Protein chains: 12
Amino acid sequence: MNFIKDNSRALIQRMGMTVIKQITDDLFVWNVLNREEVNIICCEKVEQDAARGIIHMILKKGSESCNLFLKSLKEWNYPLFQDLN
Amino acid sequence: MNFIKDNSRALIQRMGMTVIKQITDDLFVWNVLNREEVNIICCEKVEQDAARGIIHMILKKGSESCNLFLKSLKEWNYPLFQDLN
Amino acid sequence: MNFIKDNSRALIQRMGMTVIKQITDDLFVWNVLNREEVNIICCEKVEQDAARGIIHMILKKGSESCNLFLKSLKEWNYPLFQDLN
Amino acid sequence: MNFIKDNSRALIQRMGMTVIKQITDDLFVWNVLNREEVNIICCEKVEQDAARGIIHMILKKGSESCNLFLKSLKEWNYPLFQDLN
Amino acid sequence: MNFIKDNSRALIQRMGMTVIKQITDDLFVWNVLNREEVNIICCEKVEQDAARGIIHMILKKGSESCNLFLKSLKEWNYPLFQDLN
Amino acid sequence: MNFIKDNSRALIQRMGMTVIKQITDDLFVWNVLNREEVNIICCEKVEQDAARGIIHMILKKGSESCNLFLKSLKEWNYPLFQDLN
Amino acid sequence: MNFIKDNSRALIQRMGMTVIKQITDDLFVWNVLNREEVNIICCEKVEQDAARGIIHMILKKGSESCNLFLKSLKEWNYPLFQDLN
Amino acid sequence: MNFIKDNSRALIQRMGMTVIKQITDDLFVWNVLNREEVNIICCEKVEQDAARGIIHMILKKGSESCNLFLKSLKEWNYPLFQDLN
Amino acid sequence: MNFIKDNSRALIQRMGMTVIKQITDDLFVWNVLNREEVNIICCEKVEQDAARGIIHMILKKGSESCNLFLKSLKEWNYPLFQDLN
Amino acid sequence: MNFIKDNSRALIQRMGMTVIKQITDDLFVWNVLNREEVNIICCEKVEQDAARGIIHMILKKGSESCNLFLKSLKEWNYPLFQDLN
Amino acid sequence: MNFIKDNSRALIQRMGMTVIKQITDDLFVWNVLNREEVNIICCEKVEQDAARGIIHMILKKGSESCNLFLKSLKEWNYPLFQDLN
Amino acid sequence: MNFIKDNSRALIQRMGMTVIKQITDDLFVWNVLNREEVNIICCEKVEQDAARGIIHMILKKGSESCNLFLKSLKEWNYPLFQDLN
């Protein structure tokens, strides 16, 4: 998805860890990620690094995994998604 | 197997180390690889190089070792395998 | 011991760090490991990597070091050992 | 660009990793670098080595890629760029 | 092809190994090179020597193999190809 | 032995250096080779050349030295030996 | 065979050593050459000299040995053989 | 010493780097090795290669240097030495 | 200094990282080390490796740099220095 | 310069890679070395070999290039230069 | 040209291979040398021998080919050319 | 000197390259060898060949050059020299 690439400069800045901890779960429910990638992402200290791991690990998993991330991104932390349009 | 050769341009890009660490184990269980090749593959830094070592070391071990790699590739990181068809 | 090899696919998944921190000590008491290997294993972040280091470092120390690991594995975290049979 | 060459003695000293992690992203957005060079640069330990890789990999990519690096260097870590003139 | 010959003074200087590792793959997919030439080229240390081996091994394989190299050179490391015109 | 000659086209292709490093040792234990031939074989870069040196240096040492090579070849890297029959 | 004679001006130029190392093997399997001629050809430095020795040593061994050389030349380094027609 | 030669098949497999890092020091104290050989051995990645360098560099330094290696081998990693008898 | 060499077997074991972090600073104040060596030593995980880097980097800087290290070693972590005599 | 020749026995021993990485840069700024010699020197593993390459490549570039090396050697790692007088 | 003859005692000593690898290329661009002479010169081990081949093969190719060699010698490795006047 | 001749059977076996790299330097300091012989000896792969070149090149340079070689042989790698008496 181009929408993630073009705004990934701002996505690694104003996202927040507290919403990452939820997006990773909603992704784990839909059988996109296994447990090891959650244990690797969720253990980092600075949330910007987790943003790097998630953004870089979703652009690798085709384009169908982008839509799920976008819905799970507009459910939690909606003001950012509405602000970015 | 032709399926690996024809898609090996994309397999060395969107694979990921975290799933390689499991594929190498599932291969080690079935007596395909010995320990030294695991110690050689698992010590590299960039995951693309590990993808090169695995892809280049499976095309050498006949064609029966391809099917096991394909099963262990469709168990972990299924969205890539489903996307590639 | 074959019992570790045949189930090492599941041992690197459902083990847990909190029991590794005890198994390493019970091994350190019986003069199997020295301190440097404990400092190397206990400093890793993801517990699966510690499981890899322990499982790969016990299959190297003969077969007598397997029984001690099995006893220290059935004392703490007994439901896993009972479930695996 | 001569400005980078003449001050590259000081650019590999007072730069810092935390700003490199942003410069690499702002470069990745503008289709200058691909992902593999980011995975190679961002994995090094000492920030001076990352400064060597970036400075040596930009002087090779013509002169138009120097101006973008200079803008992305004057946005983040402005006091260094203002101090160097 | 004359375009490679006339600019091969600059192609062995500002190319980089990280893009060679991809060009060799995209060439290996199209049945141009076999595995042994990849094992000979990819094992050299200084990237300039790999540039010598590739540039000297493509001018020998007719002119039809030049176009594929040029496309695979404008996909990865595009700023160099655009700068060289 | 005819079995080595008739399949030596495929033995110099799908063998691998990592198993050569063990076969040379298992040969060195049984007083077949001295150290200088190990220092000559183990220093080459491309594994195919080491395959040439070993295959060409065993057909010279009678036929009794073939059986040891075959056993040491079916212990490590068994899938190749089983595939070749 | 006239096809080798008429194009031997270009065969001693764009052939390459890396394919000679395979053609000599595929010839040695079919009991065409003995080992001493392989030890004579494979020890030369410039690949053009090996091309001279091989091309001059095949035109002497009748015409039936030309067809095998042509097949082994169209298996490895096919783009040259297809380009030369 | 024959004891090292006859069991060097197993010594290059189940030794481990973590004990090599200590054996090299205990050897460096007794003026057996100088610093350059320590810098050559300690920089390798796979521990099996370090085992090769140490085992091959001790069989060259007479037989008196074997006893020190055996004592320093039975102090650290004692279960291996006791298992090997 | 001979005192460091003769006890370097025990200095790389019972030293500790928490005192290394202070010795490196007290050395940096007296213009013995520059910043890059501090960034190289302080980034290692196991404290024994830092002990190796410091002990091996002081025996290279003459003998006058030994006395400062000994004073800075008897200020912090005094019981070890008093125990070693 | 005689001062380098007469002390080159000790300069290839107690120098260190960490200061070589800076001397090569300060030399690269003053248009003494080009990039290829830096890529050749900086890629070696053991620092003693880099000391050999630098010391042997400076005694070839006249005597005016010795003074610059001496200044850049007395700026970083001053205690060695002061100890050697 | 007399300038090469009178100083060829010093040109075969302080030149270096790393600059020869570039001078041969800059000569190959201007249609002075063909590929076979580059394959003959570039394959020698000691750089002094390459200096002998180049210096002896340029004094044979008239005097117009000397000026190009002098320019390509003053572009790379300038301190030698400036020192020799 | 007879001592070198009578033990040169064992000197070409248990010497090692790592000490040759120092003996050649200590010889170069005392104006015994020039640089070209160092470039000839130090470029060989198998250390036994370097032992052949050094041992055969010292028996030619009178007998006074033997004592220097013997001292430089008893400084580095002392256990061999003490074992050989």
# chains A, B, ... in the order shown; residues from 1 in each chain; ligands from 1
>>> residues_around(residues="residue B:43", least_positions_apart="3", cutoff="12 Å", atoms="only C-alpha atoms", output="ChimeraX atom specification")
/B:17,20-21,36-40,46-47,49-50,53 /H:44-47
>>> write_last_selection(atoms="C-alpha atoms", output="PDB file, in the first residue's frame")
ATOM      1  CA  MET B  17      14.841 -13.901   9.864  1.00  0.00           C
ATOM      2  CA  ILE B  20      14.173 -18.704   9.135  1.00  0.00           C
ATOM      3  CA  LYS B  21      15.027 -19.475  12.771  1.00  0.00           C
ATOM      4  CA  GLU B  36      27.308 -27.155  11.265  1.00  0.00           C
ATOM      5  CA  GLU B  37      25.093 -25.730   8.514  1.00  0.00           C
ATOM      6  CA  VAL B  38      22.741 -24.391  11.192  1.00  0.00           C
ATOM      7  CA  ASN B  39      25.685 -22.729  12.942  1.00  0.00           C
ATOM      8  CA  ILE B  40      26.757 -21.243   9.598  1.00  0.00           C
ATOM      9  CA  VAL B  46      21.252  -9.511   7.357  1.00  0.00           C
ATOM     10  CA  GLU B  47      18.341 -11.901   6.823  1.00  0.00           C
ATOM     11  CA  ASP B  49      22.077 -13.469   3.292  1.00  0.00           C
ATOM     12  CA  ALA B  50      20.469 -16.265   5.318  1.00  0.00           C
ATOM     13  CA  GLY B  53      22.290 -19.623   2.054  1.00  0.00           C
TER      14      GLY B  53
ATOM     15  CA  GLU H  44      36.589 -16.547  13.808  1.00  0.00           C
ATOM     16  CA  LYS H  45      32.805 -16.917  13.847  1.00  0.00           C
ATOM     17  CA  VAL H  46      32.033 -20.651  13.909  1.00  0.00           C
ATOM     18  CA  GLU H  47      33.556 -22.324  16.970  1.00  0.00           C
TER      19      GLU H  47
END
>>> select_by_dssp(residues="chain H", states="helix (DSSP H, G or I)", output="ChimeraX atom specification")
/H:2-11,17-29,35-41,47-58,64-75,78-84
>>> residues_around(residues="residue A:15", least_positions_apart="4", cutoff="10 Å", atoms="only C-alpha atoms", output="VMD selection string")
chain A and resid 10 to 11 19 to 20 47 to 48 50 to 51 73 77 80 to 81
>>> write_last_selection(atoms="C-alpha atoms", output="short mmCIF file (atom, residue, chain, number, x, y, z; two decimals), in the first residue's frame")
data_model
loop_
_atom_site.label_atom_id
_atom_site.label_comp_id
_atom_site.auth_asym_id
_atom_site.auth_seq_id
_atom_site.Cartn_x
_atom_site.Cartn_y
_atom_site.Cartn_z
CA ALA A 10 5.00 10.62 10.37
CA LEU A 11 3.87 7.10 11.33
CA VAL A 19 -1.71 1.52 20.60
CA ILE A 20 1.02 -0.78 19.24
CA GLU A 47 8.18 3.01 20.68
CA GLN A 48 9.77 4.41 17.51
CA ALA A 50 8.51 -0.86 17.43
CA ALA A 51 7.03 1.41 14.76
CA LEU A 73 -5.29 1.52 13.10
CA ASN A 77 -6.06 5.91 17.87
CA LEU A 80 -4.31 10.18 13.96
CA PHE A 81 -5.85 8.25 11.06
#
>>> interface_residues(of="chain A", to="chain B", cutoff="7 Å", atoms="only C-alpha atoms", output="VMD selection string")
chain A and resid 32 37 60 to 62
>>> residues_around(residues="residue A:63", least_positions_apart="3", cutoff="10 Å", atoms="only C-alpha atoms", output="PyMOL selection string")
(chain A and resi 1-2+58-60+66-68) or (chain B and resi 83)
>>> atom_distance(atom1="atom CA of residue E:71", atom2="atom CA of residue E:27")
10.5 Å
